[PDB]
Amino acid sequence: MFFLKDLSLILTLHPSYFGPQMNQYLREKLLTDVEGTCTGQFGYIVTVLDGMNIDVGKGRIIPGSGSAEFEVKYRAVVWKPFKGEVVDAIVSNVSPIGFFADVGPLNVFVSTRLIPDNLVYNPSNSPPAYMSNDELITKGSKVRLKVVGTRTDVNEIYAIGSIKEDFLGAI
Amino acid sequence: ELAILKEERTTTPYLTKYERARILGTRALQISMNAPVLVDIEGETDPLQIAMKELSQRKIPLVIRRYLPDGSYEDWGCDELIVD
Amino acid sequence: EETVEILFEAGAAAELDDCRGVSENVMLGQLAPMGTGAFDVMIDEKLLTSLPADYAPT
Amino acid sequence: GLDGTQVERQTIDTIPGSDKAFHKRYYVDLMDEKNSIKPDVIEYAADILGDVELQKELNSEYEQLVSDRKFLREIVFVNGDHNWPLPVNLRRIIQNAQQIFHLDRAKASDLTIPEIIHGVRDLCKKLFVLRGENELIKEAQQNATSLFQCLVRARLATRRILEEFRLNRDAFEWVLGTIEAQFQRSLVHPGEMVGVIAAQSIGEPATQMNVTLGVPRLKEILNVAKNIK
Amino acid sequence: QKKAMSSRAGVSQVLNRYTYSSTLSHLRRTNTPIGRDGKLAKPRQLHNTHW
Amino acid sequence: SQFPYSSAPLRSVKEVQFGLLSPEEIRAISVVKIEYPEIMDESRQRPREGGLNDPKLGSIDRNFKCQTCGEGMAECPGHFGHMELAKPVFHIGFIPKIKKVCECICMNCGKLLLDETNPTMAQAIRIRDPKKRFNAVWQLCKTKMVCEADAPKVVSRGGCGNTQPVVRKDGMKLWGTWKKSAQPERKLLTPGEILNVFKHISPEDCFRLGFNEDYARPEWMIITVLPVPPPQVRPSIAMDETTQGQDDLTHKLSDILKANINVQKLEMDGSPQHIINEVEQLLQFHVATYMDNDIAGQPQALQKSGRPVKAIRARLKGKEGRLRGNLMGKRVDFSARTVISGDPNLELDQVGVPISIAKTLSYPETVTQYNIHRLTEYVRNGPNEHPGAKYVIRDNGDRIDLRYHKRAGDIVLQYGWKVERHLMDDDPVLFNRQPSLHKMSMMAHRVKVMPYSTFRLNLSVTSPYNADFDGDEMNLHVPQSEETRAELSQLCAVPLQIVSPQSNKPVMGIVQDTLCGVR
Amino acid sequence: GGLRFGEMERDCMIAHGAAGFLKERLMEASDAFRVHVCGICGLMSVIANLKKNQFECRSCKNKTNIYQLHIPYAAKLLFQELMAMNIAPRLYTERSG
Amino acid sequence: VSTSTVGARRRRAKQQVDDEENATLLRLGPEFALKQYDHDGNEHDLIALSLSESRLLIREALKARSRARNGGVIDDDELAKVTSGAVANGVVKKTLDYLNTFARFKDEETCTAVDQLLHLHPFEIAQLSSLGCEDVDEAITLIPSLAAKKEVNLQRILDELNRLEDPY
Amino acid sequence: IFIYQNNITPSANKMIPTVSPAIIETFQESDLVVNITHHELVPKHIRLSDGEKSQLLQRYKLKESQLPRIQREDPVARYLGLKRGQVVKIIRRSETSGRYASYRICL
DNA sequence: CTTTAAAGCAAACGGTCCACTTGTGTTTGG
DNA sequence: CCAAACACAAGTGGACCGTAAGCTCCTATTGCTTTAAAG
RNA sequence: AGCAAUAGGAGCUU
Ligand SMILES: [Mg+2]
Ligand SMILES: [Zn+2]
Ligand SMILES: [Zn+2]
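Method information in the entry identifies cryo-EM as the source of the structure, with 3.8 Å recorded as the resolution.

The title given to this PDB entry is "RNA polymerase II transcribing a chromatosome (type I)". Its UniProt record gives chain I the following Subcellular location (unreviewed entry) comment, quoted word for word: "Nucleus". A UniProt comment under Sequence similarities (unreviewed entry) is attached to chain I, and it reads "Belongs to the archaeal Rpo5/eukaryotic RPB5 RNA polymerase subunit family."

The name given to chain A in the PDB entry is RNA polymerase II subunit, and the organism recorded there is Komagataella phaffii. The UniProt entry for chain A carries this comment under Subcellular location (unreviewed entry): "Nucleus". UniProt, in the comment section headed Function (unreviewed entry), describes chain A in these words: "DNA-dependent RNA polymerase which catalyzes the transcription of DNA into RNA using the four ribonucleoside triphosphates as substrates."

What follows is the structure in structure tokens.
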């Protein structure tokens, strides 16, 4: 789920870059650096509210190196899942051992054992998809799916859900 | 929060010896790191002497943050402190 | 003086060292809040933005 | 508030002497013709005699000098010593001013009494050891520079400036401006490690040194002893 | 050997052969093992009986 | 920049928080349990895992890496192990404070003998300083010889009513005299019983005596598991090209392990009560002298050479210990020393530097667009001709030694690179004579390169140094950066020290022949 | 070998107010080192694998709050000996109170 | 690297079992304290954003930064482009399309109305604006914490919500 | 103020502080024979008021513990009836500046 | 019958701090 | 108002820790001996 | 592209 997060990023600037439009160069550096990164403690940083109007303040020269440090404080929006929270999605992949659903920036895959047993897979249908009597899961469908697991890998994270519970699955 | 407004700044208006020494060292390191030079470079190649010329012409772009014993501080640009 | 006894007493009482002294900053190899290290040097923006636009980062 | 390299021994001239010598050096009289300024030193000599709106300022100056005399004699230096280390050396300032502006030929001086008095008053209100509009700041600032103001007023007295040193207006402005700047240069810098400097300044003389004296006595003092030799 | 502490040190020294007089002096040297732990300047003093 | 890139941000230490290490955290930060005494496996090539040279503890070899962090000898800090003790033992550096807490508290129910009811202690609690509070509570609470169950209708404070012992110290054994009611039965207080009593102290009780709930818990002053330092702290050495003896700490840890195993050979079989005490006391003594081998009134843990063991405390104290011998002062690179000579023809702030020293010492000069021709001339000149250069540092830290490089003509200097050129004329160097009694005994001079291996000084500066030319030697320190060059030239320079603050008079004058000649 | 920059040399540099020169003598002209500390426990118990870019304080079960510090190697050795005598010196990079 | 107002969290001797997450039981982690702070350290109420406020904020920020880039001079598949980097564009495009596929409140007017009506724990406050529910049952079973508060009002609040819900 | 002759025994002395809200101080007659504030080495002490103490602390951006201190048992604090937290102002001779004002806080 | 490896075994004078001894005072209870 | 025993106050003996700075060279020692086991 | 430690003794300049 998306949270508005106050966060900072300390930076280092070479003396060669010490020109008259420096602060805007650092703003562009921040926008390139942070727009897309994952952190295990926050989630996923999709955008930044009021990107061009971040205040870099006054940087301090590090004694011995001559490079500037900036505590660029700003308020942004981050998206983090939590186990036991219900999140909607749309299926991306399909496979006999389960399917993938894109959640926020990520993609969630649900395993075969965690699926209502009235759902039956089909490798021969056109289009290929899970079926049932009165239940359908095809590409482009919506899935109100619960998260029951999230491993934190620094670059890309993955969440494994479960549609075995009531009020969940095809919608 | 801890910064002091430019009106109630009660420190000396004069650059001290330690501030001058450290400012010159830092500027010399900066110019020696291929930083742009604000003064007109005529003859000298030593980064420290270039830094001295810039300091005399009030063209060194640095700020001294003078910490008080209670943790608060005052900010003075080098160009507004008076150099002897 | 009394280095080991003082360190033991500091351990046994959970002393917090504020690292404002000279010797303490010396043994950690840091800049002492002394002489040239009694202040900080920031980067001024108001004076910098007067430079020619061609001396800029690319 | 001064850096310890910046002070030099100077005589405080209001301290020594008899009251008659004090009176003759410093007291001026406008109505009284003889005890006034010698006429042959100033342009405006004839305009001086008989005035009152100027004898008031002269009396205020003389009373300030008597206040300094009493203060130094009764509170600070009760035993009469008047040669003390102080900031900017004024003898050297005066002699440099004489050299630069060529004070020979005993020329008519264009330096009026009210301008002298107001110049010295403004100077005495321009020696900043502490800056701030607070009230304890003002009290500490005036306590800081009381002795140096006593020196500057004992030296730059109207009779002395006009007769003994014969400064004109240009030399006067130069002396005042130089006193401002050199006093501002005599101040200790924030960040000074006065403790290490003091420790070395005390310990080094110990390397060259029935009352107990020298190293054992200094050891008694520093190793605070419940009984001494 | 196992009681090197609490034993007198420097009782034997390498004979100084830098020059002849240095050898002659080293062969006639004397040492009072008072030790430097103690600032009593009295035993360091040239005394009348030294004549 | 000579450190390989790490992604964490670099910051400096603002606060140091001392405290004890709990057994839980000692076990937690460890990487391998240590139980086997014997150093090598069986004299058999990469010794026994779980011994004192486990590769998990870290690498001390140049061509081997740490099996815990996978880093070279340069970067690996070393890693701690742990070695569980069969019985708990006192920390040697806390026995007096263990005694004082034993005297203060109730040794049966773990409660302060007096409460806030008594106003003297009710105000002794009110000291903010832990040490003053502890002193003010111990000096009152030490004399009440019972844990009264009623605060002075019957209202119970929860106390017990057991009498208090008169604690005494005899070596490492804490005796406590119970004067019942005649014959006061004096019994030995073992570290384990005191540990059990100490675990019962409540957090607020703990606060009153002046300890801490998170950092210093009174039972952590009793050792139950012992950290094993990495081999970096106790490296081996080589005596004649094939032989090695372990450091004192290593043999001490081996002796402790032997003692531990002997303890574990008594509670498993017959032990007629005059061997359990002996062996447990052997463990106590080995552990004590592993930390402090200067304990009053007992023999010292000795080496088979007859010397005493170099304990950690002895490692830390004295002129030659860690603090004063390696932290307050230390040996430094880029320094020189030789006899000084006088030169009437030098300026006051000039020092004459021998050619050989001028070529041995060096200054790193960043390549820029104002000094590139001069630096390339220095690179071509080489490290055997003056003015030349000794090293070229690439923008990533790779050194190009110009001695062994046969093709010195084929080096082009890049911008931002660094050349460690020779010592040259007008370089500011710090110049110093011992003893340095005042700030003017060590001053910065401008260099002038000269033959004839002495240092040259103008004769008026020999007074602040207290130097003359009858054998004296003086030290020269070369600043290795621009900040230090500027600091030297703008604060320590000879012209700036002519007037001293000691007596607000000059210290340099005209001396020793110019004075006679001018007269 | 090198020359000893003893305590009185440090006193003279302190009197001169040359802080940068003193730091440079004692660090870059001598045993400068780099260590990693735990942002939670402040002990140098951080297991660092720089080529795999992975850090962990296993006591605190921490992999994200870890900081590096440049300190004298003699200071690191001092802290390790203190840890060997059960004393915990905790190096914290920010003030609390 | 990426840090926030959450600072020391220093090590007390004791641990806490109450550190695992369970979004059913109001356990979120030591980053979303019941009383947040701002970039000036001043105290400030926790923020738990529904899909509507967040969508409006992101659209606003993107169009503001586009007008800033343009010197002062319409679709999520285009509006997400303002970021830098292909991964950035992809993540913001997926997020924006997700917002426009489940945004029952497609305007600032109804977002303001629900803000007024709602202002109770901000978690469930936002989840009501995010999870359509017919009657009391879905709310009290999918969100099990509404039981032990004795201020429900779900019936009429949800009625007015689904009433204000625009067609699709 | 309870002026006594010979000794005040510690048993009696303990009742002195427990008699709030009144204040009891004691002096021995032998100590009072000479007034020590008239001594040349003893400069004039003037206890500050609460408002002036606050002004002093704010002017120097100070905490109470960062001031030079004076014991409540100091002969001039005892002579002045100083209670804990009260600050005296001490004007004294200064050979470098003429006049110097010192402030001490009571333990 | 000889060699190697591992384990065990000897005989200077000053001063801050801590509480046991020596001493004085209370205030219950008749 | 006065007798008393134990609550409460110092005086006193004898424990530890430290003793300028920097530098040079040379020289010796780095565990040893006895018993037991294996080839 | 890699030159042990600990001790004692004698010295140098203050
Ligand atoms: Mg000499
Ligand atoms: Zn009890
Ligand atoms: Zn940790």
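1. Remarks on the coordination of the zinc ion (ligand 2)
Residue and element names in this part refer to chain F. Donor atoms from the polypeptide that bind the zinc ion (ligand 2) are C106 (SG), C109 (SG), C147 (SG) and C160 (SG), placed at 2.3 Å. Coordination at the zinc ion (ligand 2) is tetrahedral: its four donor atoms span angles of 104 to 115° at the metal. Look at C106 and you get buried, because its relative accessible area is 0%. For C109, a relative accessible area of 28% corresponds to the partly exposed category.

2. Quick word on the UniProt feature "domain: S1 motif" (unreviewed entry) in chain A
Those residues carrying the UniProt feature "domain: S1 motif" (unreviewed entry) are residues 84-164 of chain A in this numbering. For residues 84-164 of chain A, the helix share is 0%, the strand share is 51%, and the end-to-end C-alpha distance is 13 Å.

3. A look at the protein's contact with DNA strand K
Around DNA strand K lies a shell of 18 residues, among which C:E1, C:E5, F:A296, F:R331 and G:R4 are the nearest. Taking the atoms of DNA strand K that fall within 4 Å of the protein, sugar and phosphate contribute 73% of them. The contact in question runs from a phosphate oxygen of DNA strand K to an N or O atom on the side chain of F:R331, over 2.6 Å. Here the surface near DNA strand K is built from residues that sort into six nonpolar, two polar and ten charged.

4. Here's the deal with the coordination of the zinc ion (ligand 3)
Residues and elements named next belong to chain G. With distances of 2.3 Å, the protein atoms coordinating the zinc ion (ligand 3) are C38 (SG), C41 (SG), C57 (SG) and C60 (SG). Taken together, the four donor atoms coordinating the zinc ion (ligand 3) span angles of 106 to 114° at the metal, a pattern that classifies the geometry as tetrahedral. Within one chain, the residues donating to the zinc ion (ligand 3) are spaced in sequence as C-x2-C-x15-C-x2-C. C41 gets classed as buried once you look at its relative accessible area, which sits at 0%.

5. Observations regarding a positive patch on the surface
Together, F:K56, G:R58, G:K61 and G:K63 line one region of the surface with positive charge. Note on placement: F:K56 falls in the loop between α1 (23-29) and β2 (81-90). A residue is classified by how much of its surface remains accessible, and F:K56, at 41% relative accessible area, is partly exposed.

6. Quick notes on the sheet that holds strand β4 (residues 69-70) of chain I
Overall, mixed pairing links the four strands, which are arranged β3-β5-β6-β4 (chain I) in an open sheet. Strand pairing shows two members of the sheet lacking a second neighbour, β3 (44-47) and β4 of chain I, which therefore form its edges.

7. Re the nonpolar core
Formed by 147 residues in total, the largest nonpolar core has its most connected members in F:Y290 and G:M13. With seven residues, the single largest contributor to this core is helix α3 (residues 73-84) of chain G. Excluding its chain neighbours within four sequence positions, the residues that come into contact with F:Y290 are F:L226, F:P227, F:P229, F:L249, F:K252, F:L253, F:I256, F:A311, F:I312 and G:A84. Counting 49 residues, the second largest nonpolar core, distinct from the first, contains D:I12, D:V88, D:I113 and D:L162.

8. Regarding the interface of chain F and chain G
Listed by partner, the interface residues are 83 residues for chain F and 70 residues for chain G. The contact between chain F and chain G buries some 7000 Å² in all, and 59% of this surface belongs to carbon and sulfur atoms. There are six salt bridges connecting chain F and chain G. F:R322 serves as the salt-bridge partner of G:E81, at 3.4 Å between the closest nitrogen and oxygen. The interface formed by chain F and chain G contains 35 residue pairs in polar contact. When residues of the side of chain F that touches chain G are assigned to their parent elements, the largest contribution, six residues, is made by helix α10 (residues 322-327) of chain F. Alignment of strand β9 (residues 330-332) of chain F against strand β1 (residues 3-5) of chain G, held across three bridges, turns out to be antiparallel. Considered in β1(G), the bridge of F:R331 is made with G:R4.

9. Considerations on the sheet that holds strand β10 (residues 335-342) of chain F
The strand order around the closed barrel formed by six strands is β10-β18-β11-β17-β16-β19 (chain F), and the pairing between neighbours is mixed. Across the sheet, the mean angle separating the axes of adjacent strands is 45° when strand polarity is ignored. Sheet topology note: the strand β16 (residues 428-432) of chain F/strand β19 (residues 473-477) of chain F ladder contains three bridges and is antiparallel. Across the sheet, F:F431 pairs through a bridge with F:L476, a residue of β19(F). Of the strands in this sheet, β16 and β17 (442-450) of chain F touch helix α1 (residues 7-16) of chain G, which is tilted by about 100° from β17(F).

10. Brief notes about a nonpolar patch on the surface
Residues and elements named next belong to chain E. Among the surface-exposed residues, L15, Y20, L24 and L27 lie close enough to one another that they form a single nonpolar patch of about 430 Å² accessible area. Note on placement: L27 falls in the segment after α1 (20-26). In this structure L27 comes out as exposed when scored by relative accessible area, which is 60%.

11. Things to note about a negative patch on the surface
A surface patch of negative charge is lined by A:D50, H:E60, H:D107, H:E108, H:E109 and H:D115. Considering every element that reaches the negative patch, the biggest residue donor is helix α4 (residues 108-118) of chain H, with three residues.

12. Thoughts on the protein's contact with RNA strand L
Residue and element names in this part refer to chain F. In the vicinity of RNA strand L lie 15 residues, with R62, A238, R307, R433 and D472 positioned nearest. Sugar plus phosphate: this is where 78% of the atoms of RNA strand L within 4 Å of the protein reside. Within the backbone of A238, a nitrogen or oxygen atom sits 3.0 Å from a base nitrogen of RNA strand L. Separating a sugar or linking oxygen of RNA strand L from a side-chain N or O atom of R307 is a distance of 2.9 Å. Residue classes in the surface near RNA strand L are distributed as six nonpolar, three polar and six charged.

About the criteria used
Along every chain, residues receive numbers from 1 upward following the written sequence, which is not necessarily the numbering found in the entry; those without coordinates are excluded from display. As a convention, the first chain written is A and the first ligand written is 1, with the rest following in written order. Summary scope: the chains shown constitute part of a larger assembly, and all values are computed over the shown part. Hydrogens are left out, water is left out, and the side-chain values use all remaining heavy atoms of the structure. UniProt positions are given in the numbering used here, feature names are shortened, and annotations may be inferred rather than shown by experiment. A donor here means an N, O or S atom no more than 2.8 Å from the metal, or no more than 3.2 Å when the metal is Na, K or Ca. Since water is not included, a site may seem to lack partners. In short, tetrahedral needs four donors with all angles between 85 and 135 degrees, square planar needs four and octahedral six donors with opposite donors over 155 degrees apart and all other angles between 65 and 115, and whatever is left is irregular. Buried residues are those whose accessible area, probed at 1.4 Å on protein chains only, stays under 20% of the maximum for their type, while exposed residues exceed 50% and partly exposed ones sit between those limits. Where helices and strands are cited, they refer to DSSP runs of H or I of at least four residues and of E of at least two residues respectively, numbered from the N terminus. Definition of nearness: a residue and a molecule or strand are near each other if at least one heavy atom of the residue lies within 4 Å of the molecule or strand. Under the rule applied, a polar contact is a pair of N or O atoms within 3.5 Å (in protein, one hydrogen donor and one hydrogen acceptor; residues adjacent in sequence only if both atoms are side-chain atoms). When residue character is reported, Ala, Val, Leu, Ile, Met, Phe, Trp, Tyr, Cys and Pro are called nonpolar, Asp, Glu, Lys and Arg charged, and the others, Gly included, polar. The residues that make up patches have over 30% relative accessible area and no salt bridge, and they are joined within 9 Å when like-charged or within 5 Å when they are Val, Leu, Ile, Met, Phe, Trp or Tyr. Every accessible area reported is derived by Shrake-Rupley at a probe size of 1.4 Å, with residue values counting cover from the shown protein chains alone. By definition here, a salt bridge exists when the distance from a side-chain nitrogen of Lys or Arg to a carboxyl oxygen of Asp or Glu is within 4 Å. Counting rule for charge: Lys and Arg are taken as positive, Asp and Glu as negative, and neither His nor the chain ends is counted. Charge positions are represented by NZ for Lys, CZ for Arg, CG for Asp and CD for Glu. Two strands are counted as paired when DSSP detects at least two bridges linking them. Only buried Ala, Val, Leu, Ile, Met, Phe, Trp, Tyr and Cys residues count toward a nonpolar core, and they belong to the same one when joined by side-chain atoms within 4.5 Å. By definition in these notes, contact holds between two residues if any of their heavy atoms fall within 4.5 Å. Accessible-area loss on putting two parts together, using a 1.4 Å probe and summing over both, is the definition of buried area adopted here. All axes are obtained by fitting lines to C-alpha atoms, using only the stretch in contact for helices, and the reported angles, taken between N-to-C directions, cover 0 to 180 degrees.

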